[PDB]
Every structure is written in C-alpha cells, then in structure tokens.
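> Residue numbers (the deposited numbering), protein chains in the order written: chain AG, 5 to 79; chain AA, 44 to 255, 267 to 314, 337 to 479.
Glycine residues also receive a C-beta, built at the ideal position from the N, C-alpha and C atoms.
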C-alpha cells in the first residue's frame with residue numbers, strides 16, 4: 005500500500021455505509037441486470053450442456069435397446 | 044474590567060459597535076452576513092468577484108482616485124470573504140476616523156462596478172483559481188467541505204467554479220449586492236483609539252442609507279495525484295455551531311490534542349450557523365499516512381475515554397493564552413467584534429470566556445467528546461499520494477474502540 009501503483013488525477017467519491025440504503029433498488033435493477041448478464045453468457049455456456057443431456061439420454065436408451073432381447077434371435 | 048464594546052445599531056439595522064484603546068491608530072470595518080452559503084449555484088462567485096470589484100472605484104470617487112485617498116492618510120485597506128461573512132476593514136490613525144468611515148460607506152453602497160473592470164477582474168480571478176489549485180491545504184479543505192456538505196450551499200467554495208466566474212455580469216453582481224447587503228445584516232465595528240459617540244454620529248451621517267437544512271455527510275473523497283511530493287489529509291466530524299457553548303469545551307479538547337509522528341498535524345473547529353467541521357488536517361509521507369491516522373484516531377478516543385485533569389488544565393491554559401486572539405491590537409479586536417455581532421448578536425467579554433473555560437473539567441470534556449467524536453461518521457478529504465490512506469471502513473472502525 006502506498007507503493008502498489010501510480011495513478012494520477014483520479015478522484016474517488018464514496019458514502020458511509022449507515023448513510024446509504026442497504027439494498028438500493030435491489031430487485032429494481034438486480035433483476036434487469038441478472039437478466040442482462042444471462043443473455044451475454046447463455047450462448048457460450050448452455051449448448052455444451054444441452055448436448056451432454058442428449059448424449060446421456062441417448063446412451064441410456066441405446067443401452068436399453070442393446071439389452072432388449074433380439075426378437076429375431078432365438079427363433 | 045475588559046473595555047466594553049459599545050454598540051449602536053441604526054434604525055436601518057446597522058449595528059455600530061466600538062471599543063476604545065490607547066492606540067492612536069484605529070481599525071474600522073464593516074461586516075456583512077453574506078457568503079457562499081447564501082448563493083444559489085447560479086451566482087457562486089458573486090461575493091468573491093464583488094470583493095475584487097469593491098476597491099476599483101465608486102460613483103463619488105471614480106477609479107484609483109479612491110485608493111489615492113486611502114494612500115493619502117497612509118491607511119491600509121483589506122477585505123476578505125468566507126462561507127458566511129464578508130469583511131471590509133481599514134487600519135488607520137485615530138484622527139483620520141471620519142473620512143475612513145466615509146470611505147467604508149462608499150464601499151458598501153454607491154459602489155460602482157465598471158464593465159471594463161469586470162473583464163479585468165475576471166482574468167485576475169480566473170487566473171488565480173487556475174493557480175489556486177497549487178495550494179494543497181486549500182484544495183483539501185474545499186474537498187472536505189464538498190464531501191461533508193454535499194447537496195447543500197455549504198459544499199460550494201467561496202471562489203466558485205471557473206464556470207460561474209466567466210459567466211457573471213454586472214446585473215447579477217448588482218443583485219447579490221442589492222440582496223445580501225441589507226442594513227440589519229451589517230455591523231460597523233471599530234477597535235482602538237475611537238470614541239463611540241463620534242463613530243455613532245459618523246454612522247448616522249453616512250451609512251444611514253443602507254437599505255432595510268444544513269446537513270453533514272460522511273463520505274470518502276480522494277484526489278489521487280502521485281506526482282505531488284507530500285499528501286494532505288483532513289478528517290472532520292460535525293461541529294455544534296456558533297451558539298452552542300460546548301464549543302469552548304471542544305476548543306479545550308482541540309488544545310489537549312495539540313500536535314504530537338508524521339509532520340504537519342493540526343486541529344480545527346470551523347463553525348457556521350448551527351453547523352461546523354471539527355477535526356484535524358495532517359500532511360505527510362506515503363507511509364506515515366496511515367499511522368498518523370491511526371495515531372490521530374487513538375488520541376480522539378483517548379479524549380473520549382481517558383481524559384485526565386492535568387491535560388485538561390493544560391488545554392484550558394492554552395485556550396486562555398489563546399484569548400490573546402482578542403489581544404488589544406485594533407485589527408484583531410475589531411475583527412473579533414465584527415463576528416461577535418454577526419454570529420452571537422453580542423460581544424462576549426473575556427471574563428465570560430474565562431468563566432466558561434474554568435467551568436470545564438475532565439468529565440464534561442470526555443462527555444462532550446463522546447457526544448461529538450465517538451462512533452461518528454467522518455468526512456475525509458485527501459490530496460496527493462494517498463493510496464496508503466485507508467478507506468472508509470478502516471477510518472470508521474477507528475472512530476471507536478472495542479474496549
């Protein structure tokens with residue numbers, strides 16, 4: 005501290021905790037923001053897990069069919 | 044047996060007070076209850092720019108011939124402006140008492156604001172401000188006022204923002220002049236070799252024409279500029295005001311605090349109409365920044381918790397020895413007289429100050445200090461290499477002790 009960095013002319017205003025509302029517009033803007041956030045990251049995150057779900061189901065069903073007796077066999 | 048300051052307000056409202064002394068030299072001033080607190084952000088530099096224009100000539104005494112007159116008797120002409128008061132004072136001889144009063148009359152009324160001068164004084168004011176930034180402690184105290192009184196007329200500076208300075212016109216000035224220069228808000232104060240009856244007759248002769267929610271905010275403002283060699287930090291809490299007597303006790307505490337670590341410690345009790353800033357403005361090297369603070373906060377909490385009788389006696393003696401502020405000199409007394417009548421409405425004598433000092437003991441000092449310092453949200457203003465200056469949680473936690 006005091007030597008961490010060299011900045012200049014950057015003024016920084018702030019308020020006391022007890023002087024400001026604890027949850028200013030928490031759900032007022034929180035929801036919009038959370039939603040804003042989800043739409044900037046959903047296309048990068050979700051489709052891999054979607055195809056994991058498809059591969060998992062596929063594997064399960066395929067495995068079952070694999071186990072299901074071959075009707076043609078044994079006849 | 045303090046010499047009383049005889050006072051003679053006029054029907055217009057012009058209180059005329061004076062105190063006589065052996066000095067054959069007398070200081071006469073006009074105090075006006077008009078500062079940056081009465082400005083409404085559209086005329087934020089009107090008092091300062093009028094204070095520049097007030098010596099550049101009147102209607103009766105056009106231009107420098109006016110100041111030729113105050114050269115002719117060898118008198119000295121001064122003026123100053125604060126956030127609440129404006130003063131125009133002259134130090135002269137006793138025998139030149141009438142003309143000086145007449146000169147002061149012109150300066151308060153019948154003043155002439157020349158458009159030519161307005162541009163010249165704008166360049167003066169603009170340039171000074173453009174270089175005023177040089178004075179750090181002024182920058183730090185302006186930052187402290189701004190962050191402590193945000194959203195109020197007490198945040199704005201006396202000089203105003205360059206913007207207004209450029210954008211100001213005779214009519215605006217005329218307004219401030221015609222609005223905040225009322226006779227009931229004016230004191231003609233005289234100190235030294237003056238007679239009160241002669242001064243009252245001179246005020247009746249001239250000057251008889253004069254026409255007839268503050269909030270503190272705890273906030274961390276930090277102007278970081280690492281190229282400066284030294285850092286200036288001011289920490290304050292809300293003061294009581296002019297009329298609250300425990301100011302005296304706070305003055306003792308300020309005295310007890312004195313200045314012990338990093339250089340440039342100091343203490344202030346700035347008072348405005350039922351408000352104020354009570355605190356300390358140290359200035360130091362990168363490392364000392366925090367400790368000093370730490371140091372400083374410890375002293376405040378010691379005054380809230382562990383005040384002893386010996387340091388209280390020392391602070392009382394320092395404050396009494398500080399009554400020398402009153403002294404006997406024409407100027408200081410006159411000044412003191414000037415405020416007394418504007419703020420308290422009366423001149424408090426030194427015997428009453430001594431009584432209010434001697435009634436202060438250690439128990440009421442730590443009670444009043446706990447009332448004003450303990451667990452309070454401070455206003456912090458820093459300028460310079462202030463990275464190691466702690467943020468608001470650490471200072472706020474240093475405003476109390478867990479023991």
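Within the same chain, show all residues whose beta-carbon is closer than 7 Å to that of residue 117 of chain AA, passing over the 5 residues directly before and after it, in chain order.
Reading the second chain from its first residue, position 74 is the one you call residue 117 of chain AA. Answer for residue 117 of chain AA: no residue qualifies.
> With 16 as the cutoff for other CB atoms within 10 Å, does residue 99 of chain AA come out buried or exposed?
Position 56 of the second chain, counted from the start, is the residue given in the question as residue 99 of chain AA. Buried, by the Cβ-count rule.
> What separation, rounded to the nearest whole angstrom, lies between the Cα atoms of residue 318 of chain AA and residue 121 of chain AA?
There are no coordinates for residue 318 of chain AA in this structure, because the numbering of chain AA runs from 314 directly to 337.
> Quick check: what's the CA-CA separation for residue 385 of chain AA versus residue 398 of chain AA?
Taking the first residue of the second chain as 1, we reach residue 385 of chain AA at position 309. Taking the first residue of the second chain as 1, we reach residue 398 of chain AA at position 322. Residue 385 of chain AA and residue 398 of chain AA: Cα-Cα distance of roughly 19 Å.
> Taking C-beta to C-beta, are residue 160 of chain AA and residue 96 of chain AA nearer than 8 Å?
Numbered from 1 along the second chain, position 117 holds the residue referred to as residue 160 of chain AA. Numbered from 1 along the second chain, position 53 holds the residue referred to as residue 96 of chain AA. Yes, Cβ-Cβ distance for residue 160 of chain AA and residue 96 of chain AA is below 8 Å.
> Do you know whose CA, among AA/218, AA/76 and AA/234, lies nearest residue 227 of chain AA's CA?
Position 184 of the second chain holds residue 227 of chain AA. Checked all of AA/218, AA/76 and AA/234; the closest Cα to residue 227 of chain AA is AA/76.
> Chain AA partners of residue 9 of chain AG, CB-CB under 9 Å?
Within the first chain, the letter at position 5 stands for residue 9 of chain AG. Result: 280 and 463.
> So is residue 34 of chain AG in contact with chain AA if we call contact Cβ pairs under 8 Å?
Translated into the one-based positions of the first chain, residue 34 of chain AG becomes position 30. Chain AA contact via Cβ: absent.
> Here's a check: name, in chain order, each residue in its chain whose Cβ is nearer than 8 Å to the Cβ of residue 204 of chain AA, leaving out the five neighbours to either side.
Sequence index remark: in the second chain, residue 204 of chain AA carries index 161 (1-based). Cβ within range, chain order: 87 and 88.
> Whether or not the region 267 to 286 of chain AA and the region 449 to 458 of chain AA are in contact is what I'm after, with contact meaning three or more pairs of Cβ atoms, one per stretch, closer than 8 Å; do they touch?
Cβ pair count under 8 Å is three or more, so yes.
> Do you know offhand how far residue 171 of chain AA's Cα is from residue 231 of chain AA's?
For the purposes of this step, residue 171 of chain AA is identified with residue 128 of the second chain, where counting begins at 1. For the purposes of this step, residue 231 of chain AA is identified with residue 188 of the second chain, where counting begins at 1. Approximately 30 Å between the Cα atoms of the pair.
> Is the region 182 to 201 of chain AA in contact with the region 136 to 143 of chain AA, if contact means three or more CB pairs nearer than 8 Å?
Contact between the region 182 to 201 of chain AA and the region 136 to 143 of chain AA is absent, because fewer than three Cβ pairs lie under 8 Å.
> Could you list which residues in chain AG have their beta carbon closer than 9 Å to that of residue 472 of chain AA, in chain order?
Looking up residue 472 of chain AA in the second chain gives position 396. By Cβ distance, chain AG contributes 20, 21 and 22.
> Helix, strand or coil: which one does DSSP assign to residue 132 of chain AA?
For the purposes of this step, residue 132 of chain AA is identified with residue 89 of the second chain, where counting begins at 1. Three-state DSSP puts residue 132 of chain AA in a strand.
> List, in chain order, every chain AG residue whose beta-carbon is nearer than 7 Å to that of residue 276 of chain AA.
Taking the second chain and counting its residues from 1, the one referred to as residue 276 of chain AA is at position 222. Near residue 276 of chain AA (Cβ distances below 7 Å), the residues of chain AG are 15 and 16.
> Should residue 296 of chain AA be labelled buried (16 or more other beta-carbon atoms within 10 Å of its own) or exposed?
Within the second chain, residue 296 of chain AA is the residue found at index 242, counting from 1. Answer is buried; the Cβ neighbour count reaches 16.
> With a threshold of 8 Å between beta carbons, is residue 12 of chain AG in contact with chain AA?
One-based indexing of the first chain puts residue 12 of chain AG at position 8. Yes, residue 12 of chain AG counts as interfacial toward chain AA.
> Using CA atoms only, rank isn't needed, just tell me which of AA/430, AA/424, AA/420 and AA/476 is closest to residue 325 of chain AA.
Between 314 and 337, chain AA has no modelled residues, and residue 325 of chain AA is one of the positions in that gap.
> With 16 other CB atoms within 10 Å as the buried threshold, where does residue 126 of chain AA fall?
Here residue 126 of chain AA refers to the residue found at position 83 when the second chain is read from its first residue. Result: buried.
> Which class does residue 60 of chain AG belong to by DSSP, given the choice of helix, strand or coil?
Taking the first residue of the first chain as position 1, residue 60 of chain AG is located at position 56. Residue state, collapsed to three classes: helix.
> Is there at least one Cβ from chain AG nearer than 8 Å to residue 468 of chain AA's Cβ?
Position 392 of the second chain, counted from the start, is the residue given in the question as residue 468 of chain AA. It does: the Cβ of residue 468 of chain AA has a partner Cβ on chain AG nearer than 8 Å.
> In angstroms, rounded to a whole number, what distance separates the CA positions of residue 406 of chain AA and residue 237 of chain AA?
For this step, residue 406 of chain AA is matched to residue 330 along the second chain. For this step, residue 237 of chain AA is matched to residue 194 along the second chain. Whole-angstrom Cα-Cα distance: 10 Å.
> Give the DSSP-derived three-state secondary structure of residue 523 of chain AA in the structure shown.
The structure shown has nothing for residue 523 of chain AA, since chain AA only spans 44 to 479.
> Answer with buried or exposed for residue 343 of chain AA, where buried requires no fewer than 16 other C-beta atoms within 10 angstroms of its C-beta.
Looking up residue 343 of chain AA in the second chain gives position 267. Its Cβ being crowded by 16 or more others within 10 Å, residue 343 of chain AA is buried.
> Closer than 7 Å by C-beta to residue 48 of chain AA: which residues in its own chain qualify, once you throw out the five before and the five after it? Chain order, please.
Here residue 48 of chain AA corresponds to residue number 5 of the second chain, with the count starting at 1. So the qualifying residues of the chain are 60, 61, 62, 413 and 423.
> Spatial neighbours of residue 302 of chain AA within its chain, please: CB distance less than 7 Å, with the 5 preceding and 5 following residues excluded, ordered by chain position.
Here residue 302 of chain AA corresponds to residue number 248 of the second chain, with the count starting at 1. The answer, listed in chain order, is 432, 433 and 436.
> Pair every Cβ in the region 437 to 453 of chain AA with every Cβ in the region 359 to 371 of chain AA, then say whether three or more of these pairs are closer than 8 Å.
Segments in contact, no.
> So is residue 134 of chain AA buried or exposed if we call it buried at 16+ other beta carbons inside 10 Å?
Here residue 134 of chain AA refers to the residue found at position 91 when the second chain is read from its first residue. Classification for residue 134 of chain AA: buried.
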